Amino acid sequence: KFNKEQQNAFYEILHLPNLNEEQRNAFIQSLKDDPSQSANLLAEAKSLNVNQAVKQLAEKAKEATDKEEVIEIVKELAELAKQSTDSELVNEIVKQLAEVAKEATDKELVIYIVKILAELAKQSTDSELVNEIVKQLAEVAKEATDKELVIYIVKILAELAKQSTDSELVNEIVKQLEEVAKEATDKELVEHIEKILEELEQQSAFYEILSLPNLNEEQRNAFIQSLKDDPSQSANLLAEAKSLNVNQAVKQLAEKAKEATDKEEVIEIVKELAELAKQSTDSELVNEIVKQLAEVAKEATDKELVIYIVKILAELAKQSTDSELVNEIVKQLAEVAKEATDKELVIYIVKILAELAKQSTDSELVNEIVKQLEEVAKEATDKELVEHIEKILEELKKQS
């Protein structure tokens, strides 16, 4: 025996128009199996009923020869996505509208549907439904054969991007217009899309440069003002900013390492710098990381941390095949050793540079290391240390 809301669920299920009989009887059977789920089944049924509804509508828009019938069907679907509030269904409706457009023989009808989708995106707070509309409009353009349809749709996407604060949507629109231009045989269509892409890319670069966290207010203002004075170089400026942004990030890590009082934290920061340099393929950034590590070692007061950093730089020199970088690490280690006041550290660095020299095939590196150690020995007033360095030097000379 049912109860009011379960019986009402029964009657409603009995009246859903876009279910076939077997789906209705399934939902009724399930309601009789467990009336406590009455709400659930009801909502489930209603969702199914509307989804098949739009499907029915879709095929009626696609079989209709009267250009007004398709306007009424598309308008009905449009009012069903707009005037309703359901997240996943509206996506299905933009996909069906898009198919109706893709198969449309009349350009006016395509323009109407595209306008409707543009208005769904413009009046939407759901980022992923705007992304889906962008995807579908973009596909309509790529498959369109009339030039005017393509121009209209890419101008629509451009206006969607120029009324947006979100950078991911601007970059996604930029990638869809890039694909449309790349698969376009018509040259003036390509040139127009590229002008649009220039404006959009300058906008996006403006937002990115504003969002970069590790530059001060004054170089960010410098970059955006140079962006205003010559927009065409939005790439050249943005690259600059990003490089500078990571550069001053590295220095900040270095400073955060210098000011840490916990050995384990300094170790973690040094691993983050080092293993950022090892996996990064930017030459001057790696250079800056090396000299920042060297400075951390230079002013560090803990023997363990100097040894750790020296070991890190050595490990970077042994696996790197960049000559200027390896000589840069060698000189950095060398002046760490010259300025260090602890014999254990001088001896360790001398052994490290010696290992590098014995590893090296290059005579410029071997003899530069040799002269570095000769300087170190020239400034040492401790006879055990000068003997140590003299042995290392004589073995290095016997090497080659």
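The first residue of the shown sequence is 1; numbering continues from there.
Higher mean Cα B-factor in the deposited model: 133 to 141 or 120 to 128?
On average, C-alpha B-factors are higher across 120 to 128.
Name the higher of the two by mean Cα B-factor in the PDB entry, 77 to 85 versus 313 to 321.
Comparing 77 to 85 with 313 to 321, the higher mean C-alpha B-factor belongs to 77 to 85.
Out of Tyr112, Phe223, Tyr152, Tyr308, whose C-alpha atom has the biggest B factor in the entry?
Across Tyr112, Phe223, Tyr152, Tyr308, the entry lists the biggest C-alpha B-factor for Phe223.
Based on the PDB record, which member of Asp166, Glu99, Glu191, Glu108 exhibits the highest Cα temperature factor?
Answer for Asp166, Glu99, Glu191, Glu108: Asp166, with the highest C-alpha B-factor.
Determine, from the deposited record, the chain-internal third of the Cα B-factor for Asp342: lowest, middle or highest.
Bottom third by C-alpha B-factor.
Using only modelled residues of the chain, where does the Cα B factor of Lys383 rank: lowest third, middle third or highest third?
For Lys383, whose C-alpha B-factor we compare with every modelled residue in the chain, the answer is the highest third.
Ranking the modelled residues of this chain by C-alpha B-factor as given in the entry, is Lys351 in the lowest, middle or highest third?
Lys351: CA B-factor falls in the middle third of its chain.
Sorting by Cα B-factor within the chain, modelled residues only, which third would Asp230 end up in: lowest, middle or highest?
As the PDB entry reports it, the C-alpha B-factor of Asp230 lands in the highest third of its chain.
With respect to C-alpha B-factor, does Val266 fall in the lowest, middle or highest third of the chain as deposited?
It falls in the bottom third of the chain.
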